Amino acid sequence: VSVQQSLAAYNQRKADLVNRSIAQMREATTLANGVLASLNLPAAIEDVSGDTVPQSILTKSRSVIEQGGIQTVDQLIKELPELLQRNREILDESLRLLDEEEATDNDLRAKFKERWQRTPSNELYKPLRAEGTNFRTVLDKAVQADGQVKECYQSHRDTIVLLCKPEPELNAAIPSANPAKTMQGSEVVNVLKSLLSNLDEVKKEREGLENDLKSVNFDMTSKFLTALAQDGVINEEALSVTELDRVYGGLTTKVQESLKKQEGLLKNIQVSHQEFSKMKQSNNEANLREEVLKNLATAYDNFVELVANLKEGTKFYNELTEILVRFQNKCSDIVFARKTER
């Protein structure tokens, strides 16, 4: 039972757990924004005129504009498969080095009866090709994600372009309608307002936790060593699960709190929206205005999300290159030693 192996294991546990928590939080936020959009919140409670852009939607629009709007997404999409294909090329060249050595090794075997005493290159390259298949898998998974991310984008593009238009053009595209006249400073609107600001602190807090989880750095090597130095054996599992609780248990606690705080807030939001629905218009034009406002909140969310995604994508791809360039060097160094001992 080796130390190196046991550390690899621990670091996987810790990676898993962090990555699981972060995905729990992001999955939930997407869902919270999801529900608001389906309810025209916060837009509805800001729409006193019924012929101007609700402020929240305006803030959202400005924001998109501060981030280069549809140009940003376009350029990022334009260059992703190019980074993708650069990685493919290095892996192929990696695997080609091994296939070229092996071909000559085998040709040598067919010519030289007595080569049976030497182990064939075929065997030498087993772990390398195994690593190789794992890279083809990561790359193919990347392409598929890339596919949907594009599919999704192309369906949302037009509304995001609307969201980017100068404020006058923007306001001229939201059908005007009758205000809900009653809302203006009522009990349900005051309620929804605070409920909505609290849910906003839950979302905004979830970025601190994410950073807190990712920056916990603990020296596990010294404990694995200490244990070994003492009992003469390493129980990797019980040891890691113990220290992981100790160091992340506080933060994972908070995650489940954050998740449950959303669940109840979202529940109370639904109830207060019911009573707020009682004073809203069902003119044909009130529906037109509502559809368009909902499209705009959804459009923003997708923008933030497509912009998040593509950025993790290009960073991932870039840091993938460094990783494959080492693999190649390694393949090349193994082939060169093979080719050269004799």
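Heads up: residue numbers just count along the shown sequence, starting at 1.
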Between 120-128 and 239-247, point out the one with the higher average CA B-factor as the PDB entry records it. 239-247
Given the B-factors recorded for C-alpha atoms, which segment has the greater mean, 289-297 or 62-70? 62-70
Identity of residue with top Cα B-factor, from 196, 259, 95, 164: 259
For the CA B factor values reported in this entry, which option in 181, 109, 136, 223 has the top one? 181
Taking the entry's C-alpha B-factors for this chain, is residue 30 in the lowest, middle or highest third? lowest
Relative C-alpha B-factor of residue 269, binned into the chain's lowest, middle or highest third: middle
Tertile call for residue 38 (CA temperature factor, within chain, third-based) is the lowest
Would you mind ranking residue 90 by its C-alpha B-factor against the rest of the chain and naming the third, lowest, middle or highest? middle
Report the third (lowest, middle or highest) to which the CA temperature factor of residue 333 belongs, ranking only the modelled residues of the same chain. middle
